[PDB]
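Only one chain is shown below, in C-alpha cells, and it's the form deposited in one PDB entry.
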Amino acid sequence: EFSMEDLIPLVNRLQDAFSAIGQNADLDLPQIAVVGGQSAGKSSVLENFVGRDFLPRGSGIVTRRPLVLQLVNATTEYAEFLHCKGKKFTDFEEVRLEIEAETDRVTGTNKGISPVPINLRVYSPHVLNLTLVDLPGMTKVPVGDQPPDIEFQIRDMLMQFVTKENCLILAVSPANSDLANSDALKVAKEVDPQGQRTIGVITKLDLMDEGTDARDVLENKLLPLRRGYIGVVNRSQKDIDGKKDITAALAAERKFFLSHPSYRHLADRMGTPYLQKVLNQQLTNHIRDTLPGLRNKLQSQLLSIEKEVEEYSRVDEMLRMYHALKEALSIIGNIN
C-alpha cells in the first residue's frame, strides 16, 4: 500500500536541512521538474497543482530562478518560504509577490537568472504529496543585458535537476510550434533516452493556426514517448489580466477537448485534472521501484556528512543534515 504519503515525513526534514545551506543539489529525492523553451507555459502547468494563483507567469522571461515547490496534504492551508522562517502565508497573491521579490533580489530586474533555488512549502487539503520544480525556460539569444551565454547557463541549471534518477521530467512543448522544434524533448532524450521518466505535456492547444491540430502528437504517433503526451489549455495573458480564475480555466479546458473535432475521441485522457492524476501515479510507480536505490543514496550522503563533521553555525547546519539523514534512513527502512 505504498504511496507518496509514506515519504512525507522524510522528504520534509531532508529538504529543510539541505536546501537551507545551498546544497539542494545533493539529494536525489523524488520530484517532478518542468523543462521547455521560454514561455512554453511551464509555471501555468505547475500552478494548477495548487489551485490558487501564486506563481509569477507571463510572456518574456518571468521565472528566473528554480522554485522547489513542496506540496503537503494537510487540514489547514498556508505557505512558508525557507528564506523567511516563521512567516506563514494565507494570501496566495502575497506568496506570488514574495517569489517575485526574492527573485529580483538575486537576479535584478534586467532579465538575468540564478541557479540558487527558492524553497517554498505549501500545506493544503487539496494538494497531492509531491515536490515540483519550476525552472526558467531555455532560450537561444540573449536580450536586454543578459550575458552572451545565457542559453547555457539556463541549460546547466535545468540539467542539475533532470540528470537525477528520481526526477520525473515534464517535457512541456507549446502546440503552436512544430514538435520537431522542442527544446524539452531534445533535453529529455539526452538524459532519459528510453523515456523511462519523461512525460510530454502539450500546452497552448487553443492557439493553433486554423486548419491545423496536434492529433498526431497527442495520439503518440508523430514522436512516440514511452509515457505518452497529455494536452492542456491554460489561461491566456488576457485571462490573467482579467482575473479569470482557475475553476473557470478548467471548465473552458474540459469543454475545449470535448468539442474539438480533432480531440473529442481523446478527451478522457486530456486536461489538467488527468495530467495531475497521471503524474502522481507515475511518480508513485517510479519511487516504488527505486526505493532501494534511494535508501542507498541516503546511506552515501550520511557517510559523506559524517566525514564533513570531523573537519570542523556551519556545525549546526551540518548536524541538522546529519540527523535528518539518520531519521530518513530509519523511516525508509520501514517502508515496504
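The term rigid core refers to the maximal set of C-alpha atoms that superpose within 1.5 Å between the two forms. Note that residue numbering begins at 1 and tracks the sequence as displayed.
Although not depicted, the form deposited in another entry is the subject of the following passage.
When both forms sit on the same rigid core, the CA shifts between this form and the one not shown reach 2 angstroms or more only at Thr75 out of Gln237, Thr247, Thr212, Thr75.
Superposition of the core reveals a Cα shift of less than 2 Å for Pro273 between this form and the one not shown. Shown in the overlay between this form and the one not shown, fitted on the rigid core, is a CA shift at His126 of 2 Å or greater. Annotation: Cα of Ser39 displaced by less than 2 Å between this form and the one not shown, core superposition. Three angstroms is the minimum change: in that other deposited form, the CA atoms of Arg155 and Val11 sit farther apart than in this structure, by 3 Å or more. Relative to what is shown, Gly231 and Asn129 are farther apart in that other deposited form; their C-alpha atoms differ in spacing by at least 3 Å.
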